[PDB]
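J.:
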Amino acid sequence: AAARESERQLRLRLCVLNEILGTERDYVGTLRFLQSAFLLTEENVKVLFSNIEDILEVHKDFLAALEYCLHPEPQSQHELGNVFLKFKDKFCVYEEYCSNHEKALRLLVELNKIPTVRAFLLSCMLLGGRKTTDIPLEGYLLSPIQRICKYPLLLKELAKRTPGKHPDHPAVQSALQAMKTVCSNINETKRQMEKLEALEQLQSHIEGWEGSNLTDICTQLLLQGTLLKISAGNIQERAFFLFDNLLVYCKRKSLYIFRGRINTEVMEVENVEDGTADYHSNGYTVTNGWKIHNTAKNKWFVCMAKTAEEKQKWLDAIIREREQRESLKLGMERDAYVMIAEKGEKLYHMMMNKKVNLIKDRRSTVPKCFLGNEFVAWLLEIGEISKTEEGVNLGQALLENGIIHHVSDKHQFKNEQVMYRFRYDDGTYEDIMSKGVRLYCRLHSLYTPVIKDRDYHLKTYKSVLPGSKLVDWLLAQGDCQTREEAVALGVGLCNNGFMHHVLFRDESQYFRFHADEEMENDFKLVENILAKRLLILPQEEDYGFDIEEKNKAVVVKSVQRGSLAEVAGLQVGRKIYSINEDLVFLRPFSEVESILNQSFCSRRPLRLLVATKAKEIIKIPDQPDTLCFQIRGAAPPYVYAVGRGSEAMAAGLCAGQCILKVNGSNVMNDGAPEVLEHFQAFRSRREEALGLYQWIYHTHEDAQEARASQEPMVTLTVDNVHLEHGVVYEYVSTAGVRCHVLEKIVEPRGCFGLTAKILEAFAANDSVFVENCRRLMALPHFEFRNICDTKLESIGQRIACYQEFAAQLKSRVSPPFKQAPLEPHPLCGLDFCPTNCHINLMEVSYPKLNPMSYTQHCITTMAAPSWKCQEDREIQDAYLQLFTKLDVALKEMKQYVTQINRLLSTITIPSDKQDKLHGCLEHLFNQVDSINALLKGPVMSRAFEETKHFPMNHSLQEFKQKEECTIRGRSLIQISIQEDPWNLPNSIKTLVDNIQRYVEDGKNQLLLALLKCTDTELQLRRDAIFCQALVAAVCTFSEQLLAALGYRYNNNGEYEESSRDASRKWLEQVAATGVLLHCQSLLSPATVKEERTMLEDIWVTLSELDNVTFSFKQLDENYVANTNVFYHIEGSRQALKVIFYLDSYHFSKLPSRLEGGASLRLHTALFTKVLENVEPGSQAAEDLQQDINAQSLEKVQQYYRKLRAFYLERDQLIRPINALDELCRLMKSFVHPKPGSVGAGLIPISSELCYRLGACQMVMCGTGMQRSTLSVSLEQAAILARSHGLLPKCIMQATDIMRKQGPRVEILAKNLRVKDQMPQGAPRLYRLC
Ligand SMILES: O=P(O)(O)O[C@H]1[C@H](O)[C@@H](OP(=O)(O)O)[C@H](OP(=O)(O)O)[C@@H](OP(=O)(O)O)[C@H]1O
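Last residue of the sequence shown: number 1326 in our numbering, and the count goes up by one each step with no gaps.
1) Ligand 1 and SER908: does the residue's C-beta get closer than 7 Å to at least one heavy atom of that ligand?
2) Kindly identify the DSSP beta-bridge partner or partners of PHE501.
3) State the Cα-Cα distance for the pair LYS913 and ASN231, rounded to the nearest angstrom.
4) Residues in the same chain with beta-carbon distance under 7 Å from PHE922, minus the five sequence neighbours each way, listed in chain order, please.
5) Measure the Cβ-Cβ separation of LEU603 and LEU687 and say whether it is below 8 Å.
6) Counting along the chain, where does the beta strand (DSSP E) carrying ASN48 start and finish?
7) For the beta strand (DSSP E) containing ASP579, list its first residue and its last residue.
8) Verify whether the separation of the beta carbon atoms of residue 1363 and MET496 is less than 8 Å.
9) Which residues, in chain order, sit with a beta-carbon under 7 Å away from any heavy atom of ligand 1?
10) What does DSSP give as the partner residue(s) for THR857 in the beta ladder?
11) Could you pull the DSSP bridge partners for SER228 from this structure?
12) Just to confirm the assignment, what range does the beta strand (DSSP E) spanning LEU657 have?
13) What do you get for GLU721, buried or exposed, if any count of 16 or more other CB atoms within 10 angstroms of its CB means buried?
14) Candidates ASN833, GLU99, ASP1113, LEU1038: which alpha carbon is nearest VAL743's?
15) Using only alpha-carbon positions, find the residue among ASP909, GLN1176, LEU327, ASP1058 that is nearest to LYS1146.
16) Within 10 Å of its beta-carbon, does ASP1094 have 16 or more other beta-carbons around it, so buried, or fewer, so exposed?
17) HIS98 by DSSP, collapsed to three states: which one?
18) For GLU698, count the other beta carbons within 10 Å of its own beta carbon; 16 or more makes it buried, fewer makes it exposed. Which is it?
19) Per DSSP, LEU603 is paired with what?
20) In three-state DSSP terms, what is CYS300?
21) List the endpoints of the continuous alpha helix (DSSP H) containing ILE1095.
22) State whether the region 1021 to 1040 contacts the region 1133 to 1152, with contact taken as three or more CB pairs (one from each stretch) at a distance under 8 Å.
23) Among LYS100, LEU1283, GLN143, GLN1273, which one has its Cα closest to the Cα of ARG1296?
24) Exposed or buried, which one is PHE779 when buried takes at least 16 other CB atoms within 10 Å?
25) At what residues does the alpha helix (DSSP H) containing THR1033 begin and finish?
26) Here's a check: name, in chain order, each residue in its chain whose Cβ is nearer than 7 Å to the Cβ of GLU1088, leaving out the five neighbours to either side.
27) What residues are listed by DSSP as bridge partners for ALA1319?
28) Within the chosen definition, does the region 41 to 53 reach the region 86 to 97 through at least 3 CB pairs nearer than 8 Å?
29) Below 7 Å CB to CB, which residues in the same chain sit around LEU819 once its five sequence neighbours on both sides are set aside?
30) In whole angstroms, what is the alpha-carbon distance linking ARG1045 and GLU840?
31) Using only the alpha-carbon positions, how far apart do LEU1322 and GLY1236 sit?
32) Does the beta-carbon of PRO848 have 16 or more other beta-carbons within 10 angstroms, so that it is buried, or is it exposed?
33) Using only alpha-carbon positions, find the residue among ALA485, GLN816, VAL711, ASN898 that is nearest to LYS1312.
34) Which residue wins for smallest C-alpha separation from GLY280, given the options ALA333, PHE298, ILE356, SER201?
35) Apart from the five residues just before and just after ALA611, which ones in its own chain have a Cβ nearer than 8 Å to its Cβ?
36) Cutting at 7 Å between CB atoms, please list the residues of its own chain near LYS303, excluding the five before and the five after it.
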């Protein structure tokens, strides 16, 4: 074996020789190419290259000597030290270039700043054949320093390999000394040599090194440390080393042992949650963790750092490196590509000339074919190129650069006279709608008029634009730098049918937009309508209710007994409007039948509308048998249910109906018994006339309550509620197709039950808190505890008030919404429903029976946070968060303790098992230390200071000195493992439980301080306001998600995107990250102080709202009429986990991930700017506006980074992403007060931005009446123009039809007490026209 060891050393020496040979051959080839292609004023060339020729010749002689030395092939009996010494003097050639290198690199930097000389250098580099993208000139230029610093290393290496019997060792050592002296005499080589020697010393500490040497592909030790990992279902602590394109982890015990390393280019970075545990984590919770991949082993692993700061350091460094290298290589390749395109264009045109015309239609005849031979002869002839190979390689690049191609496209570029063709010959070789829409909006958004009526030929033209002035303004805002940009934009606009001359051009010609031409048919109405959304579900054979034509108006034929339609309350004799959100009153009868058949085969959940009126008269037979319904509320009674399969269906009886009069009897104020007695069944028996009947309930809230607890005609005058003032529109598309913008305004169907359940969750949470606080406090000081108990009684009183509000809000049915208060009064259930909530829908219907498209864009409305009847607050929030973190940490620590105890049981062997246990124990100790620090946080210290007036078995100083005890326990664990692993589990339990006791002490003190520093009035107000905001958010997202599940919602139609894909994509985008809420508050804080304070409150309540989290859980019912989304609440304030219980069809369509109830977060976004003209306190209000906008901009930008990262992890996005980037630039400009001119285009532009994203929309205003309808119609109009082919000639046509004719007048129709007015000084785009 020893002979084999000597033979291995011999092989190593041979390897050193072979690599020396290869390196020298490669270097001389580098010099060969550099001199052959390059050797632009000639002084530049000489200064750059200096003395490469003498160096090249020295290396040539050296290589010849070496080659003869290895003659015929390398062996172990050759000598080279003499060859080295002989050239020792010859290496002074390097000094000249080393000195010149500074000037050469500075000159090359200058040239790089020169595009033409740089591209010329690139062309020359590409000519020869070397792929330029591989290496730039700079590496070749700087190579000599590296080569000279490396030769000593090669000498010493070969000396180490050299067998002792071989006498060349002293000679090689002398040569090494000479090379070191030569390197030293030049200080520039000193830096490279010292870096190399330091790296080699670091490697010398590596035991069992593998792979190429570190100095080869590395230059700097970026970072190092210790970091854990999971692998093969096991854990093994490791220390990672960070070198450029190299991640080196070694098994520390020379202090390091090789385990494995990765190349970054085959490396991936993926981040996980703080609290995840999956198969890749082998069911282990993750802290500060992230995922990496080695595609070589095509397996992943997780890396968990000791702290957050450590993880941040690692991510920052690794990113920085990958970012720099990516940017460098992308820039180089793109510059090369653009240069190829430019040169190809120039030369192609030069060939197109008749002079020595090479492009020709020769022979199947091949039009415009050129021979590579004649092409290259011409290129050389013009002096551009000097070698046939240079040109043929360049033509090969062009063919590969998609500039030319073989006639048959079955060959590459060869010097032969092979037929070749350009992509221009065969013809083989957007941002306007958004640009124009914005352009108009911004321009007319200005305060000081700009786009104005002007006198042309002594006759004023209305609202024209001096193209000169257009360019001047475009430059004024940095929107266009040079007049070329503005002129190009104006040319586009002119061809784009937005503006035209009064009779684009860069002079004083005057232009107005076609929209003002319409101002100074294509958008109209058809009808106005009121509807009730009769959500129906499929039955055994049909969807429940047939139809028939009557008065050429689609009407119901009959409703079959025992129908889900009868569940929803579908009558006979009602005109229909929609069927599957698909219009039918503008369609033939048979077409409506086809729509129904298609929905059946698709088994879709219908979302119809109907033609039922605000009052109805009902005649019911009265047998002396049973009531067949119920009633409740001394307030205007509302039918509370109705039997199924009964004449009550026949008579036209439906849940929720609010009876006003019966047989000509005023009851609207009287109680239930009054109407009850009129029925013979009630006369027979008071309550015993309620025969068994499948009871169908107004809301889930009472359906569940009644169901759990249980386990000769009469005229009626019922006043309905929760109706839908449907409008229609019509217009002819820009594509020419026909459209119906079937707007609606629904009121939030499931609104009450949500306020009820949220207040119930508040009550239960407060009750549990009270129970625990009371128990803890029971066991100066006496009066302190008495004060605490008084606070606790106050909490209980708040709980009772919450319960009473729950009862009330269960009682109320009418009116459908909370009237805006005009007077103060004590609290009441109505105070926690949203103030004037609504859902301004939209649709579309134009074919791609025949195919059709659809969409939606909800826009909810709601007044400012309504209530009339911080430092300590942030302290309290800090306590809340600390408690939550501590408890969660205790839970996960217990889980992991169980995991490790099971592992110890399994330990009950190969040393790798001992080492894995060691690493696991180290992780346990690390988590323990983390928890200890969290306990020791200043929040806890202040808490203890607050609790000093209460007896306790632990003190701040006692806890601090417990650190020594914890260190002792850890050392005792170490002693146990050293002596016997069987003593370890007991110490594990001991420490776990002792620290648990510490935790309980801490949270006791935390709760004590919380009570010690809490006030109830502000908390009650805050809960109210959050309740409103969350109600709005929940209903909004309910609507939008329900849209998605129907395969409707579509926020990107400008890319010919089918609805189905848009729905799936948005839904899963949410499931990955979540949803963003855009609150476009339009309040005027400088106007009313009250609205300013309401703005502050809505802002802070949104900030709190961020914590909310949703999740889904199937839920089945046959006992509610027209609500799929049986909402629910649970959890607490800090994390209120709502459950949008959906139904079976509305559960299958849920993406795969969420089907188990996984958190969807919820991000807030608030933007404020007073629509009317700006005209210290108000300065502070404006500053508040700016801060709100800034924070919201940061949050949206972060979500944008997240979304782009998702998609990149997940081509067509180039358009939307660039447009989004421009939008972000616009927003930054707006919010940034860089040196009124911005007007108010922020509102529309930002609305566009959020709609482009997956965001669900929402808007709040002063009073819900005037300041909001305008903005809403504006946004709807812009969406239409941007998404479904409207004629941008009709923009203001739509903008004014809406704000004058459409649903948005029913806000004033159903509401009269409200007080509001339209804007008085708004820009043109807002004011009515
Ligand atoms: O020593 P044994 O008991 O065989 O376990 C080894 C180590 O855990 C390695 O981890 P480390 O690299 O930290 O030393 C791991 O390499 P990876 O982490 O690269 O997967 C091996 O992965 P497999 O070869 O896939 O099992 C695993 O088998």
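Every residue, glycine too, gets a C-beta built ideally from N, C-alpha and C.
T.: If we stick to the structure as given:
1) Checking the Cβ of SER908 against ligand 1 gives no.
2) DSSP lists no bridge partner for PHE501.
3) Within the model, the alpha-carbon separation for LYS913 versus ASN231 is close to 7 Å.
4) These residues qualify, in order along the chain: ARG967.
5) The Cβ atoms of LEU603 and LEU687 lie no closer than 8 Å to each other.
6) Looking at the DSSP string, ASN48 is not in any beta strand (DSSP E), and its letter there is neither H nor E.
7) In this chain, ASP579 is not harboured by any beta strand (DSSP E), its DSSP state being neither H nor E.
8) With the chain covering -2 to 1326 only, the question about residue 1363 has no answer from this structure.
9) Selection output, chain order preserved: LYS226, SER228, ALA229, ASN231, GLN233, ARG235, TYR246, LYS248, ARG256, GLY257, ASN291, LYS294, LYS296, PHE298, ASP909.
10) For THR857, the beta-bridge partners assigned by DSSP are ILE836.
11) According to DSSP, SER228 bridges with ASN231.
12) Run containing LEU657: 655 to 659, per the beta strand (DSSP E) assignment.
13) Residue burial is scored here from C-beta neighbours: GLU721 has at least 16 other C-beta atoms within 10 angstroms and is therefore classed as buried.
14) Comparing Cα positions, the closest option is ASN833.
15) Closest by alpha carbon: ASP1058.
16) By the 10 Å Cβ count, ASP1094 comes out buried.
17) Looking at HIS98 - three-state DSSP - the assignment turns out to be helix.
18) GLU698 sits buried, since 16 or more C-beta atoms from the chains shown fall within 10 Å of its C-beta.
19) Partner(s): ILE533.
20) Looking at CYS300 - three-state DSSP - the assignment turns out to be strand.
21) For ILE1095, the enclosing alpha helix (DSSP H) has its first and last residue at 1086 to 1102.
22) With three or more CB-CB distances shorter than 8 Å, the region 1021 to 1040 counts as touching the region 1133 to 1152.
23) For the residues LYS100, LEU1283, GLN143, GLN1273, the minimum Cα distance to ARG1296 belongs to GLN1273.
24) Per the 10 Å Cβ criterion, exposed.
25) Counting along the chain, the alpha helix (DSSP H) containing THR1033 begins and ends at 1013 to 1042.
26) Once the five neighbours on either side are set aside, the close Cβ partners of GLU1088 are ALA861, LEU1080, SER1081, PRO1082, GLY1259.
27) In the DSSP assignment, no residue is bridged to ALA1319.
28) At 8 Å Cβ cutoff, the stretches touch.
29) Cβ neighbours of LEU819 beyond the five flanking positions: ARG1310.
30) Our two residues, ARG1045 and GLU840, have alpha carbons roughly 9 Å apart in a direct line.
31) Between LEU1322 and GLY1236, the alpha-carbon positions lie close to 11 Å from each other.
32) Classification for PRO848: exposed.
33) The shortest Cα separation from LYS1312 among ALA485, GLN816, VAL711, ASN898 belongs to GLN816.
34) It is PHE298.
35) Only residues of its own chain outside the window of five on either side were considered, and among them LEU527, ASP716, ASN717, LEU720 have a CB closer than 8 Å to the CB of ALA611, listed in chain order.
36) Cβ neighbours of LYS303 beyond the five flanking positions: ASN923.
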